[PDB]
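Visitor: no sequence on this one, just coordinates:
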């Protein structure tokens, strides 16, 4: 699809094995000095010279069996940081040149979030997947133009062995909080601590305790131990693939959780710049498990039937 | 009744067919220049000069069959905005002159909240409607004196063909919350989005995506589409009858609902000047349906038997 | 029909389904500076320039089944205020221009008076609805010519499923009464308090208690509670649509009534310049109900018959 | 959805309960001094500054049992006036500001046209609603840009108890016609007389004889009686909620009729800047009634099913 600036458009999917949503951009400069440098993404204000990804609110929803289910609580900057916590930083935050006045920005946003462990939403005769995208004022700023173009859903191969329905949501802690116990959902599977600024040289100065409590695990975190704990999913020699005031916690089916964030001080930012909490839970059911068994048996019988001999 | 400043008062109704609560006022100014302007109601602070209804805490309840049913969760400003989103706006926002130092303020708060479609609480020999009104510190201010008088509950005709018991409550979304998947009640029938602020001219600036998901309907709401939807219930040519950041969603028997409200940012106010989500649900039962059918048969047998000829 | 000044005219209607009476005017001024301002309709005295509708005596009567029934106790100003207590005030009280000398006036006077809930007089082979209208001395005053043209009775669709015979009458309280218990008829259904003067700016100064009692309901009215109770019919933010010393009490078939009007003081005006209690009752019976049910079944049988397929 | 300039887009709905079509707009001014003044809608020419909504075509069609049913004869200015003869007029004719260069325009167009009493098109396993919208040359003009947007069709609650498929059509009387007999359809239920100009101070001058002849009624209309007649659906004190050269006739199941419009002279405008006769008839059948009765018994059975106790 393509959406104008100051515009909204839906999207419907009837029979697909859908996983992951592309977001492409296409920025058009006014003069050559508007792209003499790289298009560093503004978030708040005070350098509104380029893209501002906060002002797109992608909602996904599933109509399934006469009911509704909600995905993607509507912030493209949150989905950009959460997808590119182990990706990005060249093809999204600083973009790819193509011409003298053309530069793009690209993210793959999977439904589970994890690039190496995806979900695959199946579809049938009466269910439908609906993707609703808004573009509002202040999405491109000064040096960009109102002839930008965006992109749409990507599909996936028939890995529709789907167990579940991957939910994804935020918490958005306030300005000068000192301690906040953030109770989270049932089956949470992944927890991430995202920040969208680096006001000074790359020193965190934000966290001083993090307590993840469950039935399956306790994990207590010093600020230095967070800097280590972000560096388990990256096997590059560099410790981070995003802005170095963040942290990250991948798991496998936590059954209950409370994430206590024990902040430092006023360098926890103000005016919604500050650190957001993003969790990616799911729901599942017996009939989806039975359709998973039926789909695996149909593909298995097809593969056994389609091999002759020799 | 009349209730003094810094005082309590309760109320019991034993045999009525009751619908709605009057709230009157009587402001006695210290000097004429206190009424040189109108008596426009302050809400937060910084001009404690006229009536503030954020301090009056009406709590109603129904003692019925030895159980209890709590009504009207305690804010006169909440009930005044929710009732008079389509009514009022002059005899509550401004006042009605009576003398140089006398001006009143008047609202009718029906139990369903809809003045065009009310409910009618029937009573019997044992059940009792217990209404309770407080007036607490800091509700009149600097220009006014401590000799005001407020009012009481109004009745209704024998339209006690009643099907249900209408409850009414709020949610009061957070300070700088950007997204909230608000779960709502079972059978909700009326949903309103209230707001009590204008920092700038009459531009919404707060709502940017509203999703009303239910069993019998799904409606997605763009920020312009809210301004349309509020203009359906008012057949006047003006687009609103309240402070113009509100919106209003009247319905009929929603089976279950998740209303996902997605705000923009920090222009959603903090410190209780923020957006209030108000719903008016109900309970019902088979024996209350039997009382409705039997009462209609009593009235219809009366109107047949009481008409002679010519 | 049309009636000259200092004249009279009768009217008969034999086979219609009739609901209400139109009254129009056509004022032709003497000079343009007479209508330099709008024709503010004078009532009392002392500025006898423009139209005075106090001097038109519309009497309706229903010759039905060999019997007579008297309707509309003869004041066009009373029927204008009582009908257009929520209507009018621009096409009646202020007029609509057509030329430099031509300005018209308009009211619609339904039989029940409630424009959204009317009554529809049916007719048969022998009965006849008669309308007798006088126009007497002093109907136009100084700045108007003697050549106005008025209107006649309107009709209605066959929604003559008629349940009753709607009557309407007035009281005309005395000069400086302080307390008047006005006992009323059997089945009254609508009560209003009109007033035809405003001595000062819009301050009521006329009412300190109104007591209404029945078998069916029971209401007590403080001076402020009258201003609230008037505002349950008008969805506009402004509290009233007339001289702002009025009030209005609409119901559903009050079974018996006494209305104790308890006035403030001497500003209850003298010499018919005063507060008029106006009610709109009816009389019904069994054979009228039998005509109603048989008419509903014939219309329903026709509507079922005339819808073939597809 | 959105539709670009010189563009066209359809829309298919398969299983809903659909009623009413939103139309939103978004106007982007070149400089701030364009929207320094209000975006008043042009109609013909010679100041094509803002939105000219006589060019947008909206056609609705209903595929049902392999057949076709055509709705909405392709004119936005027709549907805007016929919707906003008692609604709108501020969020459509005057616009609502969102920014210094951004103003919107809103109408709700229900399928009956009466916002207070709509029909509700149901849908099942084979039928489909197809809304086809065109936007053509010369719709925005001088003081705007080529980057505007629209909105989509709204849904409805399950009031799909539908008795009838509503049709809607216009007549478009000539440039200097003065006498016309317009034979209407079978069952018409709503008749309106629109006018889309104001040449001088808003003296009506347009109609002088409207003769409505039907089965259930036979009404005549002088030009004064029309200005009365439009003031029966409004209960504001102002006599009209449109541009005051119109008139209006809402009804209930006129069995067959012909309306005879008799214009005066020269003030019957030319170039189709003139009076349009618009009616909103319907077609229905026995099997649609059978699905209506079966649907009402379904929802009644569910409402008695889910009422537990107490």
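Guide: In hand now; what should we look at? Residues are numbered from 1 along each chain as shown, chains lettered A, B, ... in the order given.
Visitor: okay, CA-based contacts and neighbour counts for the rest of this
Guide: Noted.
Visitor: Most proximal residue of the stretch 51-200 of chain A with respect to chain D?
Guide: residue A:146 (8.7 Å; CA to the nearest CA).
Visitor: pretty sure residue A:136 contacts residue A:7?
Guide: Yes - the pair residue A:136 / residue A:7 is scored as a contact, 6.7 Å apart, by CA atoms under 8 Å.
Visitor: And the helix or strand hosting residue A:193, what does it pack against?
Guide: Using DSSP states H and E, the element containing residue A:193 is strand A:190-194. Where contact means 3 or more CA pairs under 8 Å, 6 or more residues apart in numbering or on different chains; DSSP states H and E, strand A:190-194 is packed against helix A:76-83, strand A:247-250, strand A:276-279.
Visitor: So which residues of the stretch 1-150 of chain A form strands?
Guide: Secondary structure of the stretch 1-150 of chain A (DSSP state E, counting those that start in this stretch): strands at A:7-9, A:12-13, A:18-28, A:59-64, A:67-71, A:96-97, A:102-109, A:128-135.
Visitor: Can you mark which positions in the fifth one are buried?
Guide: Which is strand A:67-71. A:68, A:70, A:71 (16 or more other CA atoms under 10 Å in any protein chain shown).
Visitor: The first one: what's it in contact with?
Guide: Same thing as residue A:68. By CA atoms under 8 Å, 6 or more residues apart in numbering or on different chains, the contact list for residue A:68 reads A:61, A:62, B:213, B:214.
Visitor: again, only this time at 7 Å
Guide: By CA atoms under 7 Å, 6 or more residues apart in numbering or on different chains, the contact list for residue A:68 reads A:61, A:62.
Visitor: Which strand residues bridge it?
Guide: On the basis of DSSP bridges, residue A:68 is bridged to residue A:63.
Visitor: Next, find the distance separating it from chain C.
Guide: Residue A:68 is 35 Å from chain C, where distance means CA to the nearest CA, to the nearest Å.
Visitor: Residue A:305 now?
Guide: Per CA to the nearest CA, residue A:305 is found 51 Å from chain C.
Visitor: before we move on, what about residue A:114?
Guide: For residue A:114, the distance to chain C (CA to the nearest CA) stands at 55 Å.
Visitor: can you count the residues close to the residue lying closest to that residue once chain neighbours are set aside?
Guide: Nearest in space to residue A:114, with sequence neighbours left out and distances taken as CA to CA, 6 or more residues apart in numbering or on different chains, is residue A:83 at 7.4 Å. Residue A:83 has 20 neighbouring residues, counting by other CA atoms under 10 Å in any protein chain shown.
Visitor: ok so, going back, can you check which of the strands of the stretch 1-150 of chain A gets nearest to residue A:154?
Guide: Residue A:154 lies closest to strand A:18-28 among the strands of the stretch 1-150 of chain A, at 5.3 Å (CA to CA).
Visitor: can you list contacts of that closest one?
Guide: A:101-111, A:119-122, A:144-145, A:148-156.
Visitor: list the contacts for the residue in the stretch 201-310 of chain A positioned nearest to chain C?
Guide: In the stretch 201-310 of chain A, the residue that lies nearest chain C is residue A:271 (37.5 Å; CA to the nearest CA). Applying CA under 7 Å, 6+ apart, we find residue A:271 in contact with A:175, B:266.
Visitor: ok, back up a step: want to try TSV for the strands of the stretch 1-150 of chain A, with distance to residue D:185 as columns?
Guide: Output for these, formatted as TSV (distance: least, CA to CA, whole Å):
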stretch	distance to residue D:185
strand A:7-9	39
strand A:12-13	39
strand A:18-28	50
strand A:59-64	41
strand A:67-71	42
strand A:96-97	63
strand A:102-109	56
strand A:128-135	41
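Visitor: For residue D:200, find the nearest of those strands.
Guide: Nearest of those to residue D:200, taken as CA to CA: strand A:7-9 at 38.9 Å.
Visitor: The residue of the stretch 201-310 of chain A closest to chain C and residue D:153: what is the separation?
Guide: Relative to residue D:153, residue A:271 is positioned 37 Å away (CA to CA, to the nearest Å).
Visitor: same question, residue A:178
Guide: Separation of residue A:178 from residue D:153 (CA to CA) stands at 47 Å.
Visitor: ditto for residue A:97
Guide: 40 Å.
Visitor: Grab the nearest non-local neighbour of the most centrally placed residue in chain A.
Guide: Centroid check for chain A by CA atoms, centre = their mean gives residue A:79 as the closest residue, at 3.0 Å. Excluding its sequence neighbours, the residue lying closest to residue A:79 (CA to CA, 6+ apart) is residue A:109, at 6.9 Å.
Visitor: sorry, back to before: quick one, which of residue A:178 and residue D:153 is more surrounded?
Guide: Higher neighbour count among residue A:178 and residue D:153: residue D:153, with 18 against 15, using other CA under 10 Å.
Visitor: If that one is in a bridge, with which residues?
Guide: Applying DSSP bridges to residue D:153 gives these bridge partners: residue D:21.
Visitor: which ones are touching it?
Guide: Each residue near residue D:153 by CA under 7 Å, 6+ apart is listed here: D:20, D:21, D:22.
Visitor: can you check residue A:1 too?
Guide: A:151, A:152.
Visitor: With the one 5 residues further on instead?
Guide: Residue A:6 is in contact with A:135, A:136, A:137, counting by CA under 7 Å, 6+ apart.
Visitor: Rebuild the residues you listed as a markdown table, extending it with distance to residue A:252 and neighbour count.
Guide: Below are these laid out as a markdown table (distance: CA to CA, whole Å; neighbours: other CA atoms under 10 Å in any protein chain shown):
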| residue | distance to residue A:252 | neighbour count |
| --- | --- | --- |
| A:135 | 35 | 19 |
| A:136 | 37 | 17 |
| A:137 | 39 | 14 |
